[PDB]
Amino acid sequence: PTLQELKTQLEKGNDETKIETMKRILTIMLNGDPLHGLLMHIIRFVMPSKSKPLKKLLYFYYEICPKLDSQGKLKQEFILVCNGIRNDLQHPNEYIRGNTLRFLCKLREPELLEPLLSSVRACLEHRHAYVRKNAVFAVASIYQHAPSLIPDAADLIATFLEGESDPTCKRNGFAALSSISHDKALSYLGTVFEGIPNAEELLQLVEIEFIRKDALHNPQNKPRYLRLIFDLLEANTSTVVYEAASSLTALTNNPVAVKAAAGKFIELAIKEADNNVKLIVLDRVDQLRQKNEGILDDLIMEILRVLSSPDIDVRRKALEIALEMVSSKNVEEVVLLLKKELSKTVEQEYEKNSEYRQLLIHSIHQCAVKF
């Protein structure tokens, strides 16, 4: 069939052509038909190649080809595959190692992982952060899918974590540790707890992630977590501030906390340029408002600041939330703002503001009816 043609391409090809053959092989397989008689050709004419681009197609094929025969037993060819992978795990090229380690995170057959373990473990102490950042995930992945292969994985990662300097390796290390050992991630968190406010964004995000988990398993740490979370409301990245505000409401119904998180959400709606982000955080404000009637009324004029976004959807959402907070105490202050906006639509961008202007007239009319 077409198999033969492929087979012939591998037999007679060079690196450049085999890259095109491997691409066809992959496309064919993903779309439906597995090319069975191919495995041994790929082992013979693709794997011993030195072309890095071809090698990435190889591992893509390794991801999708069937590992087991008719009797649920690993195919014999994969003994040869493992010598190939173990060489790539020891390559001078850091990237090859990193790419091979990413692949091992997908391997599930223990009989393939077992002869690679020493090489993987060695990669944890590679000089290059590109290798280390991938190896620590690999180790946690083996332990998740095949614990008997590396029963000391939690200790390994802890150790990796105590000496690591690369921020990306630190983030990956903590994520990996907590995915396999709550307790040891906890201990690690304890040693670094005072510096979390100046930790890097990525690590801050997973540290927050873990704190939510531990607040439920160990509620006696919840107050120390709350204090820390309040501090993270003032973090330098908007992702972390968003993450701190989402978590703070998740940990306590306290109005002080609720109003605080709300205000940070409103600050994001003002600060962030992406209008879809504005709409998303406005809905966080809105929902907090529904579940805590009254608590956020003091923030109404901050909501209305969002109206200086030129987008009609952002403007509409802000006004809806504001109108649902208009009370007698603040209605006059609110209507004066609306009119001032209305006046500005006559002077600034008269044509683009037509829809907004009608929305202002309508909202002002709403305020009259409510009172």
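For every residue, the number given is its place in the sequence shown, counted from 1.
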Open item on the list: Mean CA temperature factor from the deposited coordinates, higher in 242-250 or in 218-226?
Closed with: 218-226
- [ ] Tell me which of 69-77 and 296-304 has the higher mean C-alpha B-factor in the deposited entry.
- [x] 69-77
Open item on the list: Among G195, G263, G98, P147, where is the Cα B factor highest in this entry?
Closed with: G195
Task: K56, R315, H36, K339, ranked by C-alpha B-factor: the highest one - done: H36
Task: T237 CA temperature factor, ranked by third within the chain - done: lowest
TODO: Tell me, lowest, middle or highest third: where does the Cα B factor of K344 rank within its chain?
DONE: lowest
- [ ] Looking at the entry's B-factor column for C-alpha atoms only, identify whether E272 ranks in the lowest, middle or highest third of its chain.
- [x] lowest
Open item on the list: Which third, lowest, middle or highest, does the C-alpha temperature factor of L10 belong to within its own chain?
Closed with: highest
- [ ] Would you check the entry's CA temperature factor for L89 and let me know if it's in the chain's lowest, middle or highest third?
- [x] lowest
